[PDB]
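Because only heavy atoms are used, hydrogens play no part in the values below, and waters and symmetry mates are left out as well, while side chains stay in. Ligands are counted one by one from 1 in listed order, and the atoms in each one are counted from 1 as well. We name chains A, B, ... by the order of the sequence lines, and we start the count at 1 in each one.
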Amino acid sequence: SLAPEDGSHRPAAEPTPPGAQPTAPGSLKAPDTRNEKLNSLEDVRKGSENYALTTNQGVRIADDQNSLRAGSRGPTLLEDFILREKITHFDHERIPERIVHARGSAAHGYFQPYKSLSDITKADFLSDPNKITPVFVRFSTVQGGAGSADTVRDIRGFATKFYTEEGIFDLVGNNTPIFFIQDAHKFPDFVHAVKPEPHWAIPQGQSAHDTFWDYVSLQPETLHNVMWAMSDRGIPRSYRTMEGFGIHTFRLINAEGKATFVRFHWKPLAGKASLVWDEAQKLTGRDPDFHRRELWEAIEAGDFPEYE
Amino acid sequence: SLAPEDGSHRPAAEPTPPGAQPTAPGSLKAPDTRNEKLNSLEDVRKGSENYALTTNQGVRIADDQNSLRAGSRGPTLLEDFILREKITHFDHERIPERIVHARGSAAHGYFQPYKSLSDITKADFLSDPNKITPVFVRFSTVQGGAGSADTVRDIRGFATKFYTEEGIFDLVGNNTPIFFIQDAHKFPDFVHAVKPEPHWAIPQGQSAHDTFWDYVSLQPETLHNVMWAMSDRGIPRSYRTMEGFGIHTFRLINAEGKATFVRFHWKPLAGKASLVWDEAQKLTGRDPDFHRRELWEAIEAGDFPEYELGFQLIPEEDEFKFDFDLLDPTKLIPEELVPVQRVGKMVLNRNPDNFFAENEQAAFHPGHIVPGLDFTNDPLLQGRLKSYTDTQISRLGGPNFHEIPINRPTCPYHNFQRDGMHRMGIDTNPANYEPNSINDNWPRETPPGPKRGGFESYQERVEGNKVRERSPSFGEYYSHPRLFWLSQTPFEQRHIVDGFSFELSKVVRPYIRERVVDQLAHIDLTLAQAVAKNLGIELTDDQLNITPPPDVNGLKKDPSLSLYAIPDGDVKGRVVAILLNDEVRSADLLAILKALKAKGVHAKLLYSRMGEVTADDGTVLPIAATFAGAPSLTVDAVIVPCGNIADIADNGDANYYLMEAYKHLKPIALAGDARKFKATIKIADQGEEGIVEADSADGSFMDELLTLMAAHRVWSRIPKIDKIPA
Amino acid sequence: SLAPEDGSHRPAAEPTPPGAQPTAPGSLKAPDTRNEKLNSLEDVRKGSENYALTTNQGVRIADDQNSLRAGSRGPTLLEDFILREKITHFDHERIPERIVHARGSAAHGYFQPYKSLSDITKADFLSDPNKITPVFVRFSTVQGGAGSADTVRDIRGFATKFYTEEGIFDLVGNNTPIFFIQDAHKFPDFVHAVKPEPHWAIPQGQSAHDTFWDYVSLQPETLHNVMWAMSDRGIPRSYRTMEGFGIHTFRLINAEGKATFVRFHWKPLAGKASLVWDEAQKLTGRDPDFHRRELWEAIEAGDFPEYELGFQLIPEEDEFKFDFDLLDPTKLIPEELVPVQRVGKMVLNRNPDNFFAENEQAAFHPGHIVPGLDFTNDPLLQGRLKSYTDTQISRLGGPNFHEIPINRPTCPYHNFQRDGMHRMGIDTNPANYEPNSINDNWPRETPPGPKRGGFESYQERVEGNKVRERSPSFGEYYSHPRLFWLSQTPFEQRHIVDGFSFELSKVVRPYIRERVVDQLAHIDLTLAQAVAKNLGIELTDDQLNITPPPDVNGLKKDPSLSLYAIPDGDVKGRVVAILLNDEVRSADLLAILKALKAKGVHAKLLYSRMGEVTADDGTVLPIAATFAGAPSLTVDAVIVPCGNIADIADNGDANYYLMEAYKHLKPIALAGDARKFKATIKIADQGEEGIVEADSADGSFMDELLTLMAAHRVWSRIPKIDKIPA
Amino acid sequence: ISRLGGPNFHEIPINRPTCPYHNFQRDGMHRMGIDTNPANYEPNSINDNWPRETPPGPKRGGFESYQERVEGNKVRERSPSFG
Ligand code: HEM
Ligand code: HEM
Ligand code: HEM
């Protein structure tokens with residue numbers, strides 16, 4: 001039940017254009033792409049070739065096709081511990097999805113500053129143009145579930161974890177430079193209003209329904225981010241072709257103790273580009289994994305997403 | 001006071017057609033629709049009107065718009081317990097979704113048998129035609145997450161919780177009569193292979209990817225249900241228009257101890273109807289909630305989903321009388337050999353109040369049987385029995401999931417089990433063990449008997465060694481696929497070939513496509529050649545000479561396997577788009593709308609904008625949706641009344657509406673100058689079957705249109721659509 | 001039927017003294033003790049008598065003794081869904097214990113004010129003496145697990161949940177009026193220091209180990225509560241005989257918006273009483289459930305625990321009038337400076353039905369306040385507010401813990417929070433957000449006001465920079481420990497020295513012992529020297545010369561800090577051991593039992609075996625327990641009546657009973673020839689205060705014994721116990 | 001599953017095997033192991049079917065149960081021999 005003789009089951013471990021080979025796990029596609037975070041995960045990476053099939057307790061399995069039964073047409077027996085572990089693990093695979101931004105696509109990479117920022121901040125990851133910081137970035141929609149579609153009309157998240165020498169810094173931003181509401185106390189109200197309505201749990205991935213527009217009509221502070229959502233910003237061509245923003249004013253603190261107010265931005269070096277509505281909506285049906293796929297294939301092709 | 005003065009925020013508490021009023025919680029929409037289960041939920045239903053807003057501890061909130069801060073521009077303070085509760089509860093709203101069938105839509109209803117089945121089963125819910133059993137039914141897809149789309153190509157789940165006077169019975173079935181695999185030990189393999197691939201978590205709601213077809217190519221036992229999924233069975237028009245099956249052979253046990261083998265069926269009283277692939281795919285985009293919405297709105301309209309429960313019954317002494325093993329879940333029992341005997345009717349007549357509380361938390365499990373029913377050694381059923389209680393420990397947070405309101409029996413339940421997370425019941429029994437003397441041994445065991453007796457397993461003889469071995473009787477894989485194929489109409493067979501062709505075209509590794517084509521050549525050469533041609537694959541001389549599998553007990557077809565070979569059309573509950581213009585012929589619209597109403601067919605009035613238009617006689621017509629807003633995908637037929645057609649003749653959306661409905665084989669009727677649209681869809685002057693046209697919508701115009709709607713789609717149009725650019 | 005013919009399996013549903021009947025769930029023992037909370041639980045109470053045993057799905061079980069197997073010696077079969085459900089529920093019975101206060105014992109009761117406090121608070125529960133508020137109170141230790149022992153040396157928790165008409169108010173206090181630390185940031189440090197050490201998880205229920213004393217020696221703020229723990233406060237006789245304190249300064253807010261600072265007090269109406277250390281430690285071995293049992297049996301007997309709620313009230317303008325900071329929870333407010341105003345009484349009159357469902361799952365949280373109360377900036381209180389809701393997410397499984405029956409408010413609760421694990425309430429509101437129009441904005445905010453108003457924080461002025469810095473006003477550590485020390489009687493002081501001496505002897509690293517003695521020398525030289533002498537440590541020159549800390553606002557003692565300085569003894573509910581012989585003088589028993597009954601003091605009749613003995617007039621005397629089976633540790637006094645003393649005079653166990661009681665300073669009474677036992681306790685011919693002796697047990701002998709009992713223990717005996725080997 | 005929080009309790013360090021363990025099980029709360037296998041199912045061709053079943057044998061073989069003879073009816077019944 002094996003591989004074709006020609007080795008065509010296995011993608012080449014070199015950059016290849018979208019469609020040219022089957023996609024594959026990053027460490028097998030690009031084994032020589034490394035950074036300090038990717039290497040540190042080696043303790044938990046598990047291979048598979050040449051290894052025997054076992055239970056989680058390390059017992060080799062001889063027949064992974066059949067339950068233990070009393071005769072070959074008889075009842076399954078309680079002492080089949082190999083069936084039991086396998087089905088138990090399956091039965092507990094799912095964990096709760098994120099309350100918001102449940103739909104999202106992620107990749108590893110690295111950051112470096114162009115020059116030291118020590119005059120305005122003592123943050124170590126911005127102190128030296130030749131000190132590189134690994135990152136992990138997840139891009140997301142907001143409203144829909146983890147199995148909802150990519151090219152919906154929605155705000156997009158753009159979350160970067162920087163693994164710095166002085167701690168993890170997470171820059172948890174969106175693709176518009178404002179949010180819909182002013183005070184966190186209203187967040188469950190706003191989110192409840194945009195999410196599927198509670199009697200029937202419709203609509204998925206859409207603010208196009210009564211509760212969302214009800215809230216907006218009654219809370220004019222939402223109008224600014226609503227304008228953004230209704231423009232073609234709401235339907236990016238790719239996570240590579242949208243802007244990012246931390247939205248809030250934060251502070252930078254330098255070694256002298258001086259505070260400077262700061263708002264964060266990501267500029268996409270592939271430029272800004274969006275779909276048009278009819279195309280975005282139809283694409284949720286023809287390929288609901290369009291942005292996930294496009295990101296993954298850009299990285300396999302060497303079109304690495306870059307942001308300033 | 002934020003509601004509009006005119007009370008138009010609030011839907012009428014009476015049955016109303018789809019889109020007429022906002023949808024609402026079932027107990028608000030239909031407060032007078034009751035059954036024993038819905039009434040037992042009253043203890044936990046919570047209203048809202050006229051009540052003060054409070055924390056969960058009952059403290060009234062004064063300002064639900066602001067956090068507590070030091071200064072109106074200052075920092076938020078830790079002492080804000082009201083903000084803290086409200087955000088904590090939001091932060092923990094989600095629970096794990098179901099491992100499979102995570103996407104599903106549910107409703108309350110009731111079941112009653114047509115006659116007492118006491119001669120064959122002592123099951124209390126089937127003992128008396130006047131005994132009504134409340135039900136809760138959830139329909140679902142299989143692969144996709146809870147946020148995935150409805151009209152994917154996939155198998156559908158059909159699960160019924162019968163709240164009986166002798167315990168909960170859950171009939172947890174699907175919409176095809178077999179499963180993909182034989183032994184539960186392979187379920188994680190099969191499901192892993194169909195679900196999104198583990199490196200990148202693509203694709204959602206689709207079997208059209210390498211790992212699924214790699215597994216199918218290596219496990220020919222799957223081919224039978226793969227045939228059903230590749231047919232139009234995989235894309236139903238509505239949960240009201242698909243069949244349901246328990247798949248496994250179970251047992252009925254009567255009061256005298258006699259066991260009869262049984263397979264369970266549900267027959268849709270609305271008939272069998274499916275979409276076509278392009279329409280279903282495109283509909284996952286334009287309305288990924290289409291089935292959920294359709295079910296809720298049918299119920300709000302009074303088009304209650306009805307199903308007839310049927311049994312295929314096989315005497316114990318006939319176990320070995322077929323060419324296939326009755327315990328093999330990849331084999332169906334053809335109705336030509338063993339007819340379905342009608343047993344009773346289920347009506348689904350009220351929506352839930354809160355989807356999460358009642359739908360998302362419902363827990364069904366096929367091990368929940370009641371005296372009068374029993375299992376067999378089907379090795380797929382046998383393994384299911386270990387899964388459905390276990391999974392509920394994480395999904396629903398512990399062993400007291402039966403105390404979540406929707407899951408509660410309506411009959412008594414008492415035992416010595418105690419504690420666990422979220423324990424609601426406060427037990428007063430002095431004893432938590434038996435045997436006990438300190439409570440005189442209560443609650444007590446009950447012997448089996450003809451009614452109200454304790455459960456005892458049928459004493460089936462077991463004989464064999466402890467083995468991990470598939471029965472040799474299960475090792476046949478192609479005859480049932482072939483029977484299914486031969487039973488389909490020519491247009492159904494085309495759709496099957498196109499399903500395989502589309503799916504295998506998304507398989508990136510070509511050797512897998514070839515291997516699947518080789519399996520198809522073991523089933524039927526015509527099917528294999530037609531899929532191969534679509535894939536640019538040439539069968540070898542060896543493939544062309546594979547001998548066809550034998551007939552199934554002498555049958556070379558069984559028409560009950562087809563959706564369409566035997567007409568069972570029912571137009572009630574269907575919907576028609578009506579494409580308006582700014583000066584509609586009011587007489588056409590009168591004739592159209594009243595004819596639809598008389599047959600319970602709904603209408604949606606469409607235009608190029610919202611608001612109103614005024615008919616020729618001054619009648620003000622409210623617009624339900626724009627042509628783009630409610631695409632032809634969402635209706636069963638399209639009518640264009642006469643009027644000022646030049647208004648919409650150059651509207652690309654209007655023209656495309658007709659081309660889309662035409663490609664997808666829907667009836668189209670054109671009155672008066674609306675016949676100018678004939679050139680958009682290339683209709684000959686003299687007309688064509690499946691297009692209704694006349695000088696006005698009067699006389700036989702609506703009857704002819706309704707006749708087409710009864711037949712569902714215009715299959716004869718298939719050759720003409722290949723050419724059209726839509 | 002397994003119950004005995006005579007019905008002696010079932011306890012009478014009437015008040016009965018400790019040991020007279022088997023104990024029972026509260027709604028069976030006292031079915032007509034009612035309050036609004038107990039009544040509202042009726043919807044989840046489950047009975048048992050006369051019901052069939054079923055699965056949780058309602059299926060009747062026939063054979064609850066056997067698994068389903070293939071043959072009666074064969075393998076168990078996966079299809080046994082009855083065995084699976086029963087074992088699955090058992091497998092998941094346990095939930096995490098509380099992080100602290102895991103060991104605790106709880107009862108239902110009610111509270112009523114003595115007068116309307118509307119001049120000082122708009123809290124609805126305090127507004128009217130006829131307003132009765134149901135409570136559920138849980139007492140606890142702090143350090144040990146849910147299965148650790150009750151009579152350890154520890155602080156005790158005293159948590160009351162008030163089910164008011166305007167919200168749940170939880171008063172989550174302890175039995176000492178301060179805490180060990182100042183800022184909540186240190187809580188995990190202090191708790192990790194006192195809890196079992198991390199390498200080997202020893203010792204359970206004890207602070208007597210290196211890490212606790214290391215932390216104390218390095219954090220002098222702890223020393224005040226450390227003084228209380230080492231005093232006999234740390235070892236209460238009963239939860240009925242200790243004080244309760246909220247510890248923090250809170251605020252009362254009246255209808256005019258005026259804030260008054262308040263600290264809360266509970267005064268035990270049975271008086272203050274504690275064990276002695278040897279007795280407490282031995283009782284953790286003989287009955288680790290002693291306090292839980294005492295509370296349960298006191299309520300079953302009608303000896304309801306009663307407490308008076310007290311407030312210390314300080315006007316806002318007086319915030320800085322003391323030489324300690326009102327916000328510093330390591331500081332007490334001496335009653336000599338601010339008297340406790342008696343505000344109402346709380347009576348605990350019914351045990352739970354199911355310990356797990358009602359005690360283990362109860363969730364209390366000091367942030368649960370109601371309109372009319374508010375917080376202060378006490379930095380320990382502030383951080384508590386973040387802990388008690390968060391911890392309930394893992395302990396009780398999610399954010400719907402307020403829907404677990406015991407935690408539910410009895411007043412209305414309505415808001416827009418939805419979902420979460422084990423969601424019971426099914427919301428029918430069309431809206432789950434506000435502002436909404438589609439339900440006319442209901443449930444709606446309510447402005448604050450004199451009654452039934454929404455919650456608004458008191459608008460305290462905040463001025464300062466964002467800093468992690470301890471207020472300099474908190475930086476004084478020795479004056480309150482000294483005030484406490486000087487307020488104790490000389491025997492209380494000796495017990496303190498002995499607590500420190502015993503604990504520090506168990507610290508393996510001697511430098512920690514020396515550092516703690518250094519701290520003591522900053523409090524009081526006499527205390528420091530006495531502990532040092534017991535540890536073989538010599539104070540330095542410098543230590544001998546440490547200036548004692550200042551008085552507290554001119555106070556050099558406050559007798560309200562002593563357990564015993566001011567008599568407040570109550571004998572009702574106490575217990576006397578009566579040591580029988582095989583021919584007891586019936587006239588003694590009549591007199592003894594009569595006099596005890598008059599004062600509500602219980603008795604237990606003890607002998608050297610179970611069954612009965614017969615008194616001189618043929619009265620049959622049932623035996624409650626043996627001398628070894630119910631040790632003197634478990635009683636408040638011992639009486640030996642006359643009769644055939646030779647039956648018992650060389651019973652080692654009888655003599656021991658009397659030596660142990662004597663060592664533990666318990667009143668002993670000896671009648672007639674019972675005076676032969678004077679030799680085993682070395683009592684002089686002419687008597688000794690604390691030993692009652694006469695020719696027979698007349699009413700004079702009993703009045704004397706009962707007067708010793710009112711004074712709890714015989715402190716004058718201390719210098720004499722040194723010599724007895726017990 | 002409730003005591004240790006999910007189905008990956010064998011990845012808690014004290015419970016981990018010291019010998020190799022490789023199979024097609026995935027996910028579950030607190031998942032530590034990061035699987036690189038292209039396949040999470042078998043039979044598969046895309047990873048040449050690895051990791052693979054192993055026949056039983058004298059050493060290093062896969063587990064097979066002893067083929068004990070089973071004969072009787074499906075009963076809930078204590079063996080009289082235990083009485
Ligand atoms: C400026 C406005 C906000 C932005 C830019 C933002 C951004 C995001 C992003 C990008 C994620 C997904 C992170 C990931 O990929 O896992 C996320 C998750 C989340 N956010 Fe926010 N958010 C905002 C406001 C809020 C507010 C006001 C709250 C609640 C007070 C909130 C609560 C959450 C929660 C509960 C998650 C799920 C986090 C998790 O499960 O790990 N967000 N947010
Ligand atoms: C005849 C073959 C099968 C049929 C007809 C079937 C049908 C269904 C249906 C309809 C549901 C959804 C119930 C709902 O709406 O909540 C479901 C859920 C489920 N099934 Fe099956 N199933 C089959 C085979 C299996 C097998 C072999 C296993 C594993 C041994 C399995 C394990 C599960 C689990 C884990 C769930 C989630 C159940 C829950 O979370 O409540 N199923 N199945
Ligand atoms: C004056 C100081 C404090 C007092 C009087 C006090 C009192 C109590 C009491 C009586 C309980 C047991 C309630 C029950 O019976 O279920 C308890 C539990 C608890 N406390 Fe405190 N406590 C104090 C300080 C703190 C601090 C500073 C923290 C954390 C910052 C904390 C966190 C907790 C937690 C986690 C529990 C377990 C709560 C639960 O599981 O429901 N406590 N406390």
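By the criterion of a heavy-atom distance under 4.0 Å, neither the backbone nor the side chain of B:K386 is placed next to ligand 2. If you look at C:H248 next to ligand 3, the close heavy atoms, those under 4.0 Å, all belong to the side chain. For A:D91, every heavy-atom contact with ligand 2 shorter than 4.0 Å involves the side chain, none the backbone.
Residues C:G244 and C:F158 come closest through the heavy atom pair CA-CD1, 3.6 Å.
Between C:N174 and ligand 3, a contact under 3.5 Å exists for no N or O pair. For ligand 3, the polar-atom distance check against C:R98 finds a nitrogen or oxygen pair separated by under 3.5 Å. Backbone and side-chain nitrogen or oxygen atoms of C:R395 are examined, and one is located within less than 3.5 angstrom of a nitrogen or oxygen of ligand 3.
The nearest heavy-atom contact from the protein to atom 13 (C) of ligand 1 is A:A159 CB, 4.0 Å. Counting protein heavy atoms only, atom 41 (O) of ligand 3 is closest to C:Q392 NE2, 2.5 Å. Looking at atom 38 (C) of ligand 3, its nearest protein heavy atom turns out to be C:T391 CG2, 3.6 Å.
Taking NE2 from B:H368 and CG from B:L171, the interatomic distance works out to 13.5 Å, rounded to the nearest 0.5 Å. A distance of 12.0 Å separates NZ in C:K331 from OG1 in C:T249, rounded to the nearest 0.5 Å. In this structure, the separation between CD1 on A:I87 and CG on B:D390 is 9.5 Å, given to the nearest 0.5 Å.
Contact check for C:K161 versus C:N407: side-chain heavy atoms found under the 4.5 Å cut-off. With contacts defined as side-chain heavy-atom distances shorter than 4.5 Å, the pair B:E221/B:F180 does not qualify. C:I406 has its side chain within reach of C:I404: a pair of non-hydrogen atoms, C-beta onward, lies under 4.5 Å apart. Between B:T330 and B:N225, the closest side-chain pair of non-hydrogen atoms is not below 4.5 Å. When side chains are defined from C-beta on, C:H101 does not count as touching C:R156, because their heavy atoms never get closer than 4.5 Å. Looking at heavy atoms from C-beta onward, C:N174 lies out of side-chain contact with C:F245 at the 4.5 angstrom threshold.
Ring geometry, A:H291 versus A:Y239: the interplanar angle falls from 30° to 60°, so the pair is classed tilted. Between C:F364 and C:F136, the ring-plane angle classifies as parallel under the 30° and 60° cut-offs.
Using a 4.0 Å cutoff on heavy atoms, B:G383 counts as a contact of ligand 2. Residue-ligand proximity: B:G104 is placed with every non-hydrogen atom at 4.0 Å or more from ligand 2.
Those atoms of ligand 1 that come under 4.0 Å of a heavy atom in A:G173, given as number and element, are 5 (C), 10 (C). Remark: ligand 3 atoms within the under-4.0 Å shell around heavy atoms of C:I247 are 1 (C), 5 (C).
For atom 21 (Fe) of ligand 1, the nearest protein heavy atom lies 4.0 Å or farther away. For atom 31 (C) of ligand 1, the nearest protein heavy atom lies closer than 4.0 Å. Contact annotation for atom 8 (C) of ligand 1: protein present (non-hydrogen atoms, distance under 4.0 Å).
Taking a cut-off of 2.8 Å, the protein N, O or S atoms nearer than that to atom 21 (Fe) of ligand 3 are C:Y388 OH.
The nearest non-hydrogen atom to atom 3 (C) of ligand 1, considering only A:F179, A:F245, A:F158, comes from A:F179. Of the candidates A:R156, A:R138, B:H92, B:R94, A:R138 brings a heavy atom nearest to atom 14 (C) of ligand 1.
Counted by atom type alone, B:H248 and B:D378 present one or more donor-acceptor pairs between their side chains at under 3.5 Å.
With respect to the salt-bridge test (charged N to carboxylate O, under 4.0 angstrom), the residues B:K86 and A:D189 qualify. Remark: B:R98 engages B:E360 in a salt bridge, criterion side-chain N to carboxylate O under 4.0 Å.
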